[PDB]
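Here we start with a single chain on its own, the form deposited in one PDB entry, put down as structure tokens.
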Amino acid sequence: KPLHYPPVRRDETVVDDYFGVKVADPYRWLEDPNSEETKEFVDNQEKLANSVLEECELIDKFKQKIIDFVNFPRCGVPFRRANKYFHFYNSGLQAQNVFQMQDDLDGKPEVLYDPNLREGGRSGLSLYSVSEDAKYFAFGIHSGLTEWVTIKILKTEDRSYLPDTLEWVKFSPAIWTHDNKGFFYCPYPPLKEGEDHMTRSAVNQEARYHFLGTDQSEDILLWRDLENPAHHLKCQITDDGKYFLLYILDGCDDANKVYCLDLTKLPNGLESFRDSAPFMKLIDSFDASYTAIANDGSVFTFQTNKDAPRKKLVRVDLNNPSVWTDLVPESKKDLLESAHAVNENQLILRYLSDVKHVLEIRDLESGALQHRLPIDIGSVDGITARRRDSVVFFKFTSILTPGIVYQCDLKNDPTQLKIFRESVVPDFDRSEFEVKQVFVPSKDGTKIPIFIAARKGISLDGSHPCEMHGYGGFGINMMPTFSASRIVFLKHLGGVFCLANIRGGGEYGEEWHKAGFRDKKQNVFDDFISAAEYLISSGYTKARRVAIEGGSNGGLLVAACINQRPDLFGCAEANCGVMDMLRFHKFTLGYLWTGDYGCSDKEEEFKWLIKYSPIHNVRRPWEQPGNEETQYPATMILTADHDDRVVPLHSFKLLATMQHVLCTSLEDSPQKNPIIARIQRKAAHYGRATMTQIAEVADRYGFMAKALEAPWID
């Protein structure tokens, strides 16, 4: 059916000079989220979207089949405080997960906090910190539509609220001191009047200590740096309770400083401060990443990438800090992803080996190997066991494995794994499908690992719809994990799924990351294109039956790839993508990503950014000689109206630009395939209700089945 693309005003005033190169930005006005015109733009694109989505008949069958496939209990990985175990639970279709509590392992669960009983379950919990004595539960809620968090505190004895209320938190955890008196957290300064969380670029993050029973204005300032407003914070406390550790970060880089405060050495408590705090600055530069794993007095075991792309464990005494020793040296082939001190004197290491996990248990003091459990295609994650804990829990998942919380009692039954909880998916035969790993040459010959999931014994004749996922940035490892949606794609649309472990990720250590960032960011798109070409050439699928999907930096990936190779894809779905690479740093926490992208402030970096910036590279493919029959694929640009993480102007400005260049700028365009935006109302980036999510994925796959001309199978 023909589309009626709504009028979007162009402003030819807006020209900007990037080192002599003139760049026109006619949809500058869309950067204002709260204007008459921008709200009418959102309204118009919602109408256009709803008109196209009404023609996608399969949305309703997807939605009902997702709802059924997802209606099973899901369990979070439990953690211990005192004799209490706490975990997240969801019976299957509850809008938000419920936080549960129990006395010891045998104990029966009870509800500690149910977000479904507050504001109808629109917001779930972001922060969830139980104190050392298990008497206090600090928890974070989204008080507005943005993802900014309000810390509140509860007595676990009887669910009664404390008066304490702490605003202006984002990703900070609440780190309790062993005296149960309060906790360290890392807030931003308050909003002055006029300001908004969508329009303010939050800087000058602080390290605070909050005492229980006080107003936030009484919280003790430990650190801040007004001379470096972009520097951001993470923090931690050692398991013995003696050291507060402050990690300072430059941007999105896997690198940090390490500042240690000895809590035993302060006369008059943390009330001592009122003057910044006497940190021992063990690392005062951004050369390498460092994460404390354990300590015995001043003798610290860190995970690091210092002269070690695949990471390693090292030891240092804060009284003799120039002398560092390798405890567990760098592997020659496999990434040390995480390390966790457990069972007093043991050490669990998670290794990533060709995108498959291997768990090692080692002696803490010596570093000697004891056991080694390789794990199947899938992921192991969520190890939250502390050093004093003797039972270790982890979540396992894969493409065909819904989710198993495993349990290892290292003290009393060390070799066995017990299933704490196993989620079973209804109406799904896993043996009918298989998952293979395959390595594919890229444009420069680099072998890129690919996971391909499909029905066993499909003929490779290019008949099948193919859905391909990828990210390619920020050191993120992309693991094959369970999505119920995807099972519905595989089973009821005869689909083939592909997770491509492209460069920019951290799958083969920091060399893999740096091969797809800054000047070499193009390699990431080349890798993804090359993997799409393999699925076609090996015979799973064809040019116009391939669908690509991604979120945030993955949205950038999808937008970049369809600009460069529109012929290769039949559907493009970019979730909250970073589409204006010239101006991303100007909005919210976007300045943090300059470590991976560069910044248009510098001329060298502008020169590589301008070449792939999605909004600046939308070109009519049919106008290229010998490319006449090519058009852009059917495109859905997903975003929320109140995403403060990746601001929606990115998605809006791309959508406006595409709809102009391809459709409304000429009389009768070859562009037939729809170019729409699904804009979710009163949502943020993540943390949305179960049905809000299901509705979005239902629309995704319905649009996809229409674009790829894929029929339903009962």
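Quick note: we count residues from 1 along the sequence shown, nothing fancier.
One more form of this protein exists, namely the form deposited with a partner chain bound; it is left out here, but the text below deals with it.
- The contact with the partner chain in the bound PDB entry, taken as any heavy atom within 4.5 Å, belongs to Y128 out of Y128, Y209, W512, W223.
- Out of the listed residues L30, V647, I676, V70, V70 is the one that sits within 4.5 Å of the partner chain in the bound PDB entry by at least one heavy atom.
- Heavy atoms of no residue among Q45, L568 and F703 are located within 4.5 Å of the partner chain in the bound PDB entry.
- Stretch-level contact check against the partner chain in the bound PDB entry with heavy atoms at 4.5 Å: of 279-287, 358-366, 70-78, 457-465, the positive one is 70-78.
- Residue contact check for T325: none of its heavy atoms lie within 4.5 Å of the partner chain in the bound PDB entry.
- In the bound PDB entry, the partner chain stays beyond 4.5 Å of every heavy atom belonging to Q370.
- Contact check for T384: a non-hydrogen atom falls within 4.5 Å of the partner chain in the bound PDB entry.
- For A292, no non-hydrogen atom is located within 4.5 Å of the partner chain in the bound PDB entry, even though that partner is not displayed.
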